[PDB]
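As structure tokens, the next two blocks hold two forms of the same chain, structure 1 and structure 2.
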Structure 1
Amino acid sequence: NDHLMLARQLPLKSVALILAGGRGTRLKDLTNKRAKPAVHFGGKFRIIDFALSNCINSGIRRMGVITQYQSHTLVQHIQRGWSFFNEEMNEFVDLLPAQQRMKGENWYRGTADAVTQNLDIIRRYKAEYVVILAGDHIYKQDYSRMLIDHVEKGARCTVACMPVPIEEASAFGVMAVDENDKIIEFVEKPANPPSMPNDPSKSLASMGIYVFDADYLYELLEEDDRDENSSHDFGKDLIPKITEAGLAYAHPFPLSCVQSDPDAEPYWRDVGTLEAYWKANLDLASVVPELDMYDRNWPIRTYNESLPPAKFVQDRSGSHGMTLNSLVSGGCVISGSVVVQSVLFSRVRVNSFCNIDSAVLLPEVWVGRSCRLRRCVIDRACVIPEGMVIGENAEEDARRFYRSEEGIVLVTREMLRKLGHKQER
């Protein structure tokens, strides 16, 4: 079903649904006061700016952001950086938190029980192709090249699949395909992830990116919402049901990936645990980042906050401040200290004589005089006191703060407030 203009008409006949939804329990306390899509990233972004700017640059300007857990920061972010739309041009970012009445009802029992509470609003959009996006993930995808591959194949559901190492394939949806990219066997979060054919060390995993014939989705959820043994989830209940009827195809991600270096492999990081969050940000600080953010053909839209330039000033002794492979966003004030392999977000104040190495300083952090920081994640608005040392004694950082098994430290206000340090600057 190939036509000259089909590539431009299908995004307009389409509607995206971001399951901002729940959290990552594996992100520890990075999330205790926010949703995982609203975790900061990149010096100025949040994670949901990746699953939203790919809808825009793919022509999909009708989005539906499903928010349940700690969404105040998320909703405020959509309000301030994603509310430039005009509903008359057939474009909008509708927020669909669970509707509360009688004071204790409607709380979204599953991933697919959140698209069923809102199934009277989504019909009104009159959409033929429903993209189902997990927006707690980081990528650069073109969903107007996955929609075609969906329309050429004559598919009803189209799961974006990409291979990953079998070691981490127990956290995603492993499938198995054929010569025509038809899903034969799908199993969600196995304990023994089956390998690919010819690639024993890797498994063909679902990314959480389903494209759906809308006439099939509505008839599949209402045919699923009445099920008493269902767990109400896309992976755990529906995609096996579609697969077992043979109506589920697989769309390889390398085809519909936007990357500035065609020789490279596609970039996917779901920032699962704490360690991959830290490792994902500092990749932007290296010399050749795996993720291009100086790209003008696929830009990422965010809250363009008004901040003054990054100021570097002399310390108390009149000396210089040295920097090496670091990002200093706007608002920062670094008073003559050494910053290495670091990422400083907005409004980070760093007083004199500090040493900062492989750190990520989320916004409004105040580092006090003579602090040493190594392999850490400093949370929002943390007021680090004077002479604090972090990342040199693992036995003394595990009983103060949180310390992952790989050596990454996390600092929060509650962790610092419990040691007596006042966090009200």
Structure 2
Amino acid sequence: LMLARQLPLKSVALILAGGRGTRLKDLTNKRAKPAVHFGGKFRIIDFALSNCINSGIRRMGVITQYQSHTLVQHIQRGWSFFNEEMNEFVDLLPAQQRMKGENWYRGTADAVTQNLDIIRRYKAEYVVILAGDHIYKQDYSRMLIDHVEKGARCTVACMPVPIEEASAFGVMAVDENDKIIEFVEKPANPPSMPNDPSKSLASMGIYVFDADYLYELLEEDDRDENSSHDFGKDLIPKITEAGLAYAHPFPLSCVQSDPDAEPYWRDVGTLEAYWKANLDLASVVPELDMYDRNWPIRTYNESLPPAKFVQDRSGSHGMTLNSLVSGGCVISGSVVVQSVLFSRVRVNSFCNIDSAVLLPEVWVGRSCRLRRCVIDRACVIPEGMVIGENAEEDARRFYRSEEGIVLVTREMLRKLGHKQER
């Protein structure tokens, strides 16, 4: 008794919010992938932070490494609501990751070593290593209980995924005790589970270390001159060889409004998945429940007026089907379908928006037809523009993925001669 309440209390979260999101390819070019707008008013890292609140871990480490100003500002404004006198705080740890090191060189692990003295000053018994550019719902206290029950030194959150995409994350092979037998990091030919050939038991980048080991284990890897200083390439394979690595099935701890559904864990890294995962919310029955009161997700909530709908220049009405319209939006006529409008979006008359993601402060000119697109923050689409109808034009002007999703950025439009400053 009195373990699940005294386990978060002794533990500290370390959100590795340094992802470059290179597969968004322009969207995160300007801001860290943890700061990517998602689903109304939220930011991706909020998820990884909210799970730490609702799981009782009120001591978090936000390790900002690349292009991190908006993440710093966002944390400062929204999550600067803790009294540090009662051991509950979001320590924003600038990583200052070595410039000598290239993109993902002096990797994930080298950023948690540079700030090791400050982590030691926390005197935690346990530590929660997290990837803070993912979307999921999880109670980390259930994972800490499952970590202490097994008497392990590292606990990896493992989930079965399709074997056609399992090369993107580390793949493990476990025994009856969920103890790791074999870890392999980004394999070209992922091994399947024994019971399921079409699936692979992949890691989720959610580790739980006992602190005194983690420290003892980082320095050995820090002195190493051959390692990539990466949690998947170097540390977890070593712990697997030692035999002190255990697995945690994510279905045990995922926070689901409805128990019947398949666990929800979206690795947003590619544009087409960002678009899909933003449009899941606009559907008739979303897979991710934002209206869950048992498990609320918090963000920086600014004072916006209600979403205003008005008549077009001709005086007619506007139609909306399966759409999200956040605060500050203004709409005039303009049939909307399957789309998601972030804050302060102005859509003038005669517009047809279908399956679009409009990031904050967009200005859509009159008579615009937008389809299967992602409009970056603070764009100004000119009058008469047409996107998504002719594929070759959209590839020629904007970034069009192989699937058909289009990404419209200020830069692209500036280059087209449509002046943006407004």
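Numbering for residues begins at 1 and runs along the sequence of structure 1. Shifts are known only where both forms have a C-alpha. Superpose the two forms; the largest set of C-alphas matching within 1.5 Å is the rigid core.
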Open item on the list: Against the rigid core, a Cα displacement of 2 Å or more between structure 1 and structure 2 applies to just one of 101, 226, 124, 296. Which?
Closed with: 101
- [ ] On a rigid core superposition, how far has the CA of residue 22 moved between structure 1 and structure 2, in Å, if you could check?
- [x] 2.8
Open item on the list: Can you give me the Cα shift for residue 198 between structure 1 and structure 2? Core-superposed, in angstrom, one decimal please.
Closed with: 1.1
Task: Segments displaced between structure 1 and structure 2 (3 or more residues, each Cα shift of 2 Å or more, core-superposed) - done: 98-109
